[PDB]
Amino acid sequence: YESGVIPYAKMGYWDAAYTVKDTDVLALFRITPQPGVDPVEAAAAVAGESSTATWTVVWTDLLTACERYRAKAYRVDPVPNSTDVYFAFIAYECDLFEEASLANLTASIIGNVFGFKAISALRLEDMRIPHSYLXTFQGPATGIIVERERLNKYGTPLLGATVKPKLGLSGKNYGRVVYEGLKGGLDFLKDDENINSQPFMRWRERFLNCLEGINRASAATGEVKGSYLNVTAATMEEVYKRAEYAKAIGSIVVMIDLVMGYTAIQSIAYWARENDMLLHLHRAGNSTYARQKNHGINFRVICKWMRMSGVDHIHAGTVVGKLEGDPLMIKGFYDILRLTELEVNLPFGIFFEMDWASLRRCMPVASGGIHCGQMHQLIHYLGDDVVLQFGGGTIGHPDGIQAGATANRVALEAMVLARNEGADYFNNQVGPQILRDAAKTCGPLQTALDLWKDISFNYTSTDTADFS
Amino acid sequence: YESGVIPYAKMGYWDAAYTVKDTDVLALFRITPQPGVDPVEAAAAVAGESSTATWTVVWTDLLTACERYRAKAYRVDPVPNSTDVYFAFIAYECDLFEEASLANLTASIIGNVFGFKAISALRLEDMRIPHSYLXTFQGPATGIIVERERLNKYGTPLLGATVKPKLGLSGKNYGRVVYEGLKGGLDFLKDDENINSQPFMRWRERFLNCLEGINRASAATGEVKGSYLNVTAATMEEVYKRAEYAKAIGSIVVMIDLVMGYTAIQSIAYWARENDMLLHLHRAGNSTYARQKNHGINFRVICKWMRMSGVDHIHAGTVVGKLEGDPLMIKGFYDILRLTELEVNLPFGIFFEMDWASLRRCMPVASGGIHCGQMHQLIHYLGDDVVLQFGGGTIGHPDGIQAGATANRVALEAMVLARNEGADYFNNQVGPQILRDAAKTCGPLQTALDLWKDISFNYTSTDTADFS
Amino acid sequence: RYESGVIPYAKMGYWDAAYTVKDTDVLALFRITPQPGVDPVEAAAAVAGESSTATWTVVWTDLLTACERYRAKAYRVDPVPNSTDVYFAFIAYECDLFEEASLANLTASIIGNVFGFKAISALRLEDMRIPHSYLXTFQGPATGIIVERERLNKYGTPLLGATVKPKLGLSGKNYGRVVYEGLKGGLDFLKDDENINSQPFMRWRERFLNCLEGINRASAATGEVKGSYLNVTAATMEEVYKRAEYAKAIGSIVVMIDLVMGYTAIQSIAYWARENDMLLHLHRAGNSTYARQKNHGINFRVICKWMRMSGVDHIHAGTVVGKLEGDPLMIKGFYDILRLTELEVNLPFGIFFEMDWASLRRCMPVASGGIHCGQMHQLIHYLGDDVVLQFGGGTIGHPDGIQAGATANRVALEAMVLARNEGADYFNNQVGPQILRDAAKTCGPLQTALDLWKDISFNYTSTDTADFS
Amino acid sequence: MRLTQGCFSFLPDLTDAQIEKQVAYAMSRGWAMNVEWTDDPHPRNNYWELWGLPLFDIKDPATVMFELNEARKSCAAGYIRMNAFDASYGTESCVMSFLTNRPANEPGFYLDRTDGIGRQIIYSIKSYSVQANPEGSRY
Amino acid sequence: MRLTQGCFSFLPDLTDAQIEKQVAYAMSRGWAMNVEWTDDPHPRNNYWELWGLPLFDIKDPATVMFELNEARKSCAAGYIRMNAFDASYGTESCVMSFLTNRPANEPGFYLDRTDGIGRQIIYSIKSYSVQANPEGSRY
Amino acid sequence: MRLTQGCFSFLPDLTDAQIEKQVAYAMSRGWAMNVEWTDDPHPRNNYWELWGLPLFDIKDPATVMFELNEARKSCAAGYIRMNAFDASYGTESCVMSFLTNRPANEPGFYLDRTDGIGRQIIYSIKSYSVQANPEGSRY
Ligand SMILES: O=C(O)[C@@](O)(COP(=O)(O)O)[C@H](O)[C@H](O)COP(=O)(O)O
Ligand SMILES: O=C(O)[C@@](O)(COP(=O)(O)O)[C@H](O)[C@H](O)COP(=O)(O)O
Ligand SMILES: O=C(O)[C@@](O)(COP(=O)(O)O)[C@H](O)[C@H](O)COP(=O)(O)O
Ligand SMILES: [Mg+2]
Ligand SMILES: [Mg+2]
Ligand SMILES: [Mg+2]
């Protein structure tokens with residue numbers, strides 16, 4: 001406490017003998033020190049600058065229970081097969097964090113440490129959110145269970161589709177596409193993430209025409225139907241206005257984009273619970289910080305944060321579609337969103353044991369460049385509680401939108417029926433043959449299988465495991 | 001328009017002969033194609049999936065003015081000294097974007113393209129926001145000019161300091177530290193980014209004690225004073241409540257954290273204009289996507305987005321402090337925040353010519369690991385319109401907080417006085433001697449210069465220029 | 001097990017001697033007196049069943065739920081020492097049984113029906129272990145001891161107060177007079193009596209405005225922050241808020257509420273107090289209807305926990321030596337429950353569970369009723385520094401006026417603490433009374449008070465007593 | 001029209017052999033089965049009529065098929081569905097529901113439109129079968 | 001009038017021997033002492049002027065008494081208070097404050113009254129000493 | 001106390017030679033200079049009294065010093081400040097302001113506190129010089 005600079009590891013931010021408490025918030029960082037920076041000093045610096053420290057000693061620590069509030073780096077391990085990169089475990093006292101505030105948790109955990117010169121790269125890989133912090137959060141407004149009860153749909157993935165083209169359609173035409181997709185068999189459609197309100201289509205025209213299409217499709221089929229009406233807007237006031245309008249006209253669901261940001265998202269998640277609305281989260285912008293293994297925030301952490309905030313769906317990957325998704329990483333995300341508790345599972349990137357404290361289950365959504373020919377793979381990797389979304393895969397069908405919709409649904413039901421009978425459906429013989437057998441009695445599926453059979457997206461992953 | 005998959009470059013998303021319109025939104029991406037992906041196809045894919053395209057052809061394009069709404073990649077250049085990395089220029093029609101909506105602009109420009117398997121890395125480097133889009137945004141609630149008029153402070157950087165330790169202080173003690181720093185000479189102090197409301201200090205206690213300290217310091221000096229009261233909260237409702245409280249008690253200023261997100265930020269920026277409040281933006285989380293050169297969003301783009309949204313201050317780097325900041329990149333950020341228009345300046349990372357459409361000027365803030373011994377460097381790199389913040393550099397002073405404050409201010413005034421007289425102050429002889437000459441008659445400065453003279457943070461930068 | 005009909009609660013899963021308590025469980029300790037012929041374990045299983053998921057006959061609808069998770073478990077049943085056919089029963093309840101942040105819901109389960117069960121002749125809730133994870137859902141004290149003392153600029157000594165008397169009948173103007181006099185003569189606070197709300201002899205607004213003149217007058221005459229607990233207790237939430245808002249609008253530092261308002265209104269006002277920068281004093285009106293007798297009801301220590309959770313800033317908690325019931329060991333336990341950051345098992349004090357307070361703020365105990373300054377040594381010994389000592393009759397009953405009464409109490413206080421801090425064995429009957437006489441030689445008010453009341457005591461058999469020494 | 005509630009209604013009507021394999025799958029998971037009937041096909045008709053109690057750890061899928069075939073003999077013309085329930089923590093809900101019987105002819109529904117405020121429409125889905133005849137006489 | 005801030009202001013002015021005993025009590029609790037000065041006696045003057053830093057390391061009470069007598073020699077006529085700080089979890093606050101010095105004559109205060117809405121009065125407590133002269137020249 | 005408005009008030013009072021170099025800097029930037037006087041030191045006293053008009057592209061810094069010295073001879077005891085104004089687009093504002101004269105003795109201010117709602121205080125900063133005497137007679 002004499003004035004001046006001393007290493008973070010001498011200031012109380014490194015403790016190899018620290019006993020982790022069940023109330024602690026834990027973070028796992030992948031740290032790449034600058035050349036010459038001690039690995040333990042780097043970890044202590046992340047711990048200090050995300051809790052109580054600055055760069056020079058301050059007497060004002062002595063006005064506080066300083067030892068309680070200092071975070072502790074407690075373990076630093078080399079990353080397998082990754083020279084001079086380290087896994088650093090840090091424990092944070094419960095009382096550091098504002099109750100029910102994602103904004104506050106993130107202000108500490110990600111606020112400044114990623115810009116420190118002394119570390120050339122930093123990635124938040126996982127967190128243990130303690131039971132006692134989780135009970136301060138809502139969790140899912142609806143959750144998987146109540147959602148399926150509202151839909152009267154059980155034992156099979158749900159289906160969806162993004163309306164295309166992305167931009168340019170009028171409200172009337174939007175309602176046409178939604179009518180056709182729903183009537184052909186889809187459970188949902190959705191506005192594209194960038195469909196908000198624009199000169200070619202102001203939002204009220206979209207909302208009202210979509211309700212006509214939705215209701216028409218429900219009366220034509222005897223099923224509950226919906227489409228994710230995008231309430232994403234510039235301001236909280238305008239977002240609320242769009243959400244209120246959707247409620248007032250009877251929509252089962254709305255969507256929001258991650259670019260709205262955490263504070264707006266928590267507001268809408270409370271609103272959705274209060275207003276009997278399903279809340280779909282599109283993860284717009286997520287890959288700006290989640291793509292690369294060396295730096296940023298792993299999407300599994302985002303999963304925890306958004307399940308806490310209380311969205312009902314989140315996009316979580318397809319494995320076989322047009323966007324990045326190593327199967328081990330994806331399986332990990334899906335478990336984080338859907339299970340009541342997590343056990344350590346290093347090949348899935350599950351670094352901490354964690355109870356979910358009975359917060360409701362968040363529905364993963366698999367979307368982007370997928371088609372019905374891959375149905376066996378989607379069922380295998382992703383399971384029952386997922387929404388499988390086919391935008392181009394429905395609207396791209398040469399015999400029309402209802403045909404696209406019908407193809408996806410027949411493929412899905414045929415596949416689940418066979419699985420439940422005990423078919424080795426994931427096998428490369430059996431899966432595509434289940435589909436061909438169904439297609440012999442369904443022209444739409446025959447056509448879809450023929451059109452897209454050669455289509456795959458196989459590229460090297462960036463977001464990969466460190467353990468096998 | 002026959003059903004099926006065709007390359008994005010055959011779908012209208014690549015046009016080498018495109019004539020850029022003054023109303024277009026332009027984006028510059030640093031694209032790293034996966035091996036075997038054509039550089040032009042990658043650029044067309046980013047253009048398509050951020051405008052109107054999906055992965056397979058859709059007849060529904062034909063219900064729209066499809067040619068108008070398609071974005072166009074119009075130029076693809078190799079990056080200097082960077083094998084198989086490309087600069088890709090893309091133009092977007094004005095009508096794609098919701099008026100006054102950062103959420104909508106970002107939904108398109110960053111929403112999905114960073115997760116595309118076909119591209120191993122993607123970075124948004126710069127954008128040309130057209131005059132006609134800028135007039136839909138507020139710009140700064142107050143801006144540099146009105147801010148200095150409210151302060152009655154001209155011709156010298158403003159001064160600030162973050163209260164430390166980061167977490168643990170009570171409201172009463174917070175007010176003590178703010179009183180002392182302000183009375184010793186600082187224009188401002190501020191809550192730390194992670195100081196919101198917590199068991200050791202609930203926010204109302206901080207706000208009320210701080211107003212006592214602020215007002216005491218103003219009556220002791222005859223100057224306008226303030227401290228950035230942090231209104232960052234979980235929900236828009238709670239954020240508004242804290243902002244309203246700050247207004248009701250007479251605070252000149254509040255702060256917010258970037259982790260609140262764009263929708264909340266735009267709401268508070270409108271609120272700040274409506275309520276005669278200075279609005280300070282802490283950039284919490286920015287380095288999760290802004291640090292690495294291969295992938296994410298360059299901070300210069302964030303500068304544009306936050307100047308549009310209308311914050312009054314944003315943290316923008318120090319060069320010589322504890323956080324990342326190449327001087328050429330920093331100078332570029334500062335110009336983006338402060339100038340009425342931008343000319344192409346490739347070594348500063350200014351890739352587009354751009355008029356700011358008379359949106360007000362945003363005050364850059366230089367903060368983190370800086371001290372008064374560096375004053376010549378700070379004046380040289382950063383100029384007059386900046387807030388220089390010394391948290392540890394004030395509170396770490398061995399003779400107390402008022403002494404820390406006084407040292408910084410004497411150093412600042414001495415340096416500006418000498419500069420205005422024509423001293424070659426940036427020179428390594430003259431700068432530190434100006435400070436020593438002032439210190440001969442000011443014990444606090446003598447002590448501060450002695451304590452921290454050996455302190456530097458020299459490490460290899462990650463966020464560096466491509467041109468010299 | 002799921003065939004129709006009646007089976008014992010102990011065979012339905014509500015008894016498990018091998019149950020491992022989880023840190024997230026709510027635990028309850030009940031003193032159970034079974035009817036003659038009722039098995040002690042079955043009685044405990046009945047309490048566990050009927051305060052969790054059971055009814056009196058088997059229902060197949062259990063099988064639509066994760067029934068094993070939700071059943072509470074009686075896990076330990078001990079004989080009560082020296083108390084034939086009475087037992088201590090410990091029962092564990094799953095965290096998920098309870099609505100977040102809701103005292104009404106907690107109490108609906110724990111005390112709802114089981115006290116009326118025919119098969120048990122007497123039941124008392126003695127203690128609870130409220131888990132860390134439930135506590136974080138509650139606000140705790142709106143202000144708490146630490147911020148309260150910062151607001152008052154008063155540290156290192158008990159705070160002083162006084163209930164205005166007579167209880168009923170004074171005008172608002174005369175109320176403000178008593179408050180002025182009391183405060184100027186040295187009291188930190190006065191208060192409305194618990195039954196002073198709004199009445200034909202004094203409508204509440206008259207009280208509030210006149211008291212603010214008195215308070216601000218005393219503050220200007222002394223240089224101290226002063227207040228009086230303006231009673232906002234009213235028939236409806238609407239009227240209570242109106243009174244609270246009015247007190248805030250005119251700048252009162254403090255309001256009071258009565259326990260008879262009930263838990264839901266109390267929680268509402270405790271959130272209001274935090275939001276409105278107000279100190280919130282709780283009078284425990286009605287508490288002794290269920291808390292007095294050892295065989296049946298709710299021990300006041302549990303009420304302490306519930307009220308600290310709900311978030312009052314003060315609660316009356318006993319004096320030992322005054323006119324109301326209070327065994328010293330029981331009282332010391334109440335005070336610890338209100339003031340400490342955590343609790344260790346301390347059977348002689350009635351603390352049956354170890355319990356972390358989860359950084360919920362500290363609740364200020366209030367010692368009130370039939371106490372006088374001749375008792376100052378005892379009050380400091382039993383009760384410590386963080387307490388409000390209230391002398392109603394002991395101020396206003398002083399023969400030389402209200403100011404003199406106030407001054408006598410404050411000089412006694414300061415002289416006693418000065419001497420304690422100096423190392424005096426002040427609780428010793430040879431030392432404390434002499435400290436008071438010594439100060440009294442130079443303070444006529446104190447001499448007079450000592451002469452009038454020094455021999456007054458209230459010594460009777462306690463009903464709410466310990467089971468361990 | 002074809003009522004497309006249930007999880008296999010885009011496939012042909014299931015044979016008894018197909019139903020039994022679905023039952024076997026659910027029972028192998030430890031799920032409880034029940035059988036329910038209705039002649040109100042409305043999408044919001046949450047509570048179809050119970051055929052006895054759910055069949056909690058009955059182990060032989062033949063016993064579930066017996067009860068389905070008893071329900072088919074006793075119930076009026078209309079719909080029967082087969083459900084599986086998972087009482088596990090995290091679920092405590094239905095996890096499978098598919099139709100085992102449907103009417104030979106389902107007229108379906110129309111969309112009734114009431115003019116609300118501005119351009120809003122207040123919608124009601126009306127069943128042709130339900131509006132014409134009482135429960136037990138609709139098909 | 002006599003300013004009765006502090007916890008011993010209804011007792012006579014403390015002698016040095018008495019102050020040392022209070023200091024010793026606080027230091028054997030492990031509390032930190034500091035000394036503060038003001039010439040604004042207002043009850044809401046939260047922040048009296050610091051005399052150096054609080055003495056956290058200090059173990060001998062005479063050291064604290066030395067600093068107190070240094071403050072008394074240096075500061076203008078007015079008030080001095082002695083404080084004890086407890087930084088331990090659950091407190092993190094002042095736990096003792098008493099006046100060591102007061103002016104020989106304190107004129108005190110008046111109550112200034114502004115007519116609010118209805119019968120409400122808007123009150124301000126004004127110091128005679130502060131309204132008359134600036135900091136350093138008030139007593 | 002020392003009034004610390006202006007940009008050089010933590011340095012010693014500027015000599016005429018120092019002021020002239022500041023003037024020269026501002027005039028070399030193309031900025032317009034003016035001189036202003038007051039004897040109300042309040043932090044919110046936005047509009048000090050103008051000494052004539054601003055000196056728009058006067059080119060010789062000696063002419064600015066002449067006017068400053070004329071103002072010093074004519075104005076009552078109090079404060080004089082020297083300002084530079086930049087009429088350029090993007091600025092259109094003052095870009096330099098520093099004190100050229102201050103009183104020999106400035107008593108400074110006190111903080112007047114009115115009790116607002118709850119715990120809020122309504123603050124007014126009062127000048128000792130202004131409250132005692134009228135403009136032109138304060139120092
Ligand atoms: O804009 C798109 O590309 C989509 O509408 C998919 O359209 P298609 O179904 O026509 O591909 C989705 O937003 C992406 O799936 C988002 O990716 P993720 O789910 O990975 O966040
Ligand atoms: O938490 C901190 O470290 C600071 O309060 C600085 O404290 P010191 O002044 O004591 O370093 C600032 O938030 C950083 O400057 C933010 O970085 P940037 O400005 O780069 O976003
Ligand atoms: O009404 C009364 O008797 C009092 O005003 C005390 O009057 P005196 O000071 O004149 O005795 C208090 O309400 C009791 O102390 C309450 O009891 P407890 O504190 O036990 O709840
Ligand atoms: Mg999309
Ligand atoms: Mg900070
Ligand atoms: Mg009473």
Side-chain angles (χ1 to χ4, degrees), chain A residues 159-167 181 186 189-196 228 230 232 255 257-259 280-288 290-291 299 302 313-325 330 333 364-372 386-397 404 408 452 455 457 463, chain B residues 5 45 48-58 60 107-108 110-117, chain C residues 161-168 190-196 229 231 233 256 258-259 281 283-285 316 323-324 366 368-370 390 392-393:
Chain A
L159 290 183
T162 305
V163 170
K164 304 289 173 188
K166 305 184 69 63
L167 296 180
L186 300 173
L189 282 89
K190 62 188 289 301
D191 294 351
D192 224 324
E193 73 287 320
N194 60 352
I195 288 293
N196 296 350
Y228 325 153
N230 198 343
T232 295
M255 64 180 288
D257 299 349
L258 181 63
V259 289
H280 170 90
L281 177 68
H282 182 283
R283 65 175 160 184
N286 171 251
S287 293
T288 62
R291 183 67 188 260
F299 178 66
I302 299 306
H313 298 178
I314 189 173
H315 289 233
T318 59
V319 187
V320 299
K322 75 200 180 179
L323 305 123
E324 172 74 16
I330 296 290
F333 311 150
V365 174
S367 183
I370 53 169
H371 59 100
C372 49
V386 58
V387 187
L388 308 174
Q389 300 189 160
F390 301 97
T394 296
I395 304 167
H397 199 289
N408 290 321
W452 287 307
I455 303 305
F457 307 84
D463 183 25
Chain B
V5 176
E49 291 275 356
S50 64
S51 65
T52 62
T54 191
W55 65 275
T56 190
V57 164
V58 289
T60 51
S108 278
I110 70 178
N112 300 330
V113 289
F114 292 76
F116 270 70
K117 286 179 173 171
Chain C
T163 307
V164 174
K165 303 293 178 192
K167 309 177 62 67
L168 302 178
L190 285 91
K191 65 184 286 303
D192 292 357
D193 221 329
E194 71 291 316
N195 57 354
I196 285 285
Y229 326 152
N231 200 340
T233 304
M256 63 181 287
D258 291 358
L259 177 65
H281 171 89
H283 184 283
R284 60 181 167 177
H316 288 233
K323 73 192 178 178
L324 302 123
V366 169
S368 186
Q390 305 190 154

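Just so it is clear, the values below take in all heavy atoms, side chains as well, and ignore hydrogens, waters and symmetry mates. Counting starts at 1 for both ligands and their atoms, following the listed order. Note on naming: letters A, B, ... go to the chains in the order of the sequence lines (proteins, then strands), and numbering restarts at 1 for each one.
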Chi angles and distances behind the side chain to side chain contact (heavy atoms under 4.5 Å, CB included) call for C:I196, C:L168: CA-CA 7 Å; C:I196 285 285; C:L168 302 178; 3.7 Å; yes

Side chains of [X] and [Y]: closer than 4.5 Å at any heavy-atom pair?
X: A:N230; Y: A:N196; result: yes
X: B:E49; Y: B:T54; result: yes
X: C:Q390; Y: C:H316; result: yes

Contacting atoms of ligand 1, where contact means under 4.0 angstrom from a heavy atom of [X]:
X: A:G392; answer: 8 (P), 9 (O), 10 (O)
X: A:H315; answer: 16 (C), 18 (P), 19 (O), 21 (O)
X: A:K166; answer: 1 (O), 2 (C)

Please confirm whether [X] comes within less than 3.5 Å of ligand 1 when only nitrogen or oxygen atoms on both sides are compared.
X: A:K190; value: no
X: A:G369; value: yes
X: A:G368; value: yes
X: A:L323; value: no
X: A:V365; value: no

Minimal non-hydrogen separation, A:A161 against A:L186, with atom names: CB-CD1, 3.4 Å

Nearest-contact summary for atom 7 (O) of ligand 1 - protein heavy atom, Å: A:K164 NZ, 3.2 Å

The Mg ion (ligand 6): protein N, O or S atoms that are less than 2.8 Å away, sorted by chain: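 Per the 2.8 Å query on the Mg ion (ligand 6), atoms found are C:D193 OD1, C:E194 OE1.
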
Under-4.0 Å heavy-atom contact with ligand 1, by part of A:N286 that carries it: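 No part of A:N286 is near ligand 1 at this cut-off.
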
Heavy-atom gap A:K322 to ligand 1 smaller than 4.0 Å: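 Per 4.0 Å heavy-atom rule, A:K322 contacts ligand 1.
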
Residue pair A:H282 / B:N112, side-chain donor-acceptor N/O under 3.5 Å: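 Note: A:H282 and B:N112 side chains meet the donor-acceptor criterion.
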
Short N-O contact, C:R284 and C:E194, less than 4.0 angstrom: no

Sequence-distant partners of A:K164, salt bridge (charged side-chain N to carboxylate O under 4.0 Å, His left out), two or more places apart: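 Only A:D192 meet the salt bridge (charged side-chain N to carboxylate O under 4.0 Å, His left out) criterion with A:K164.
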
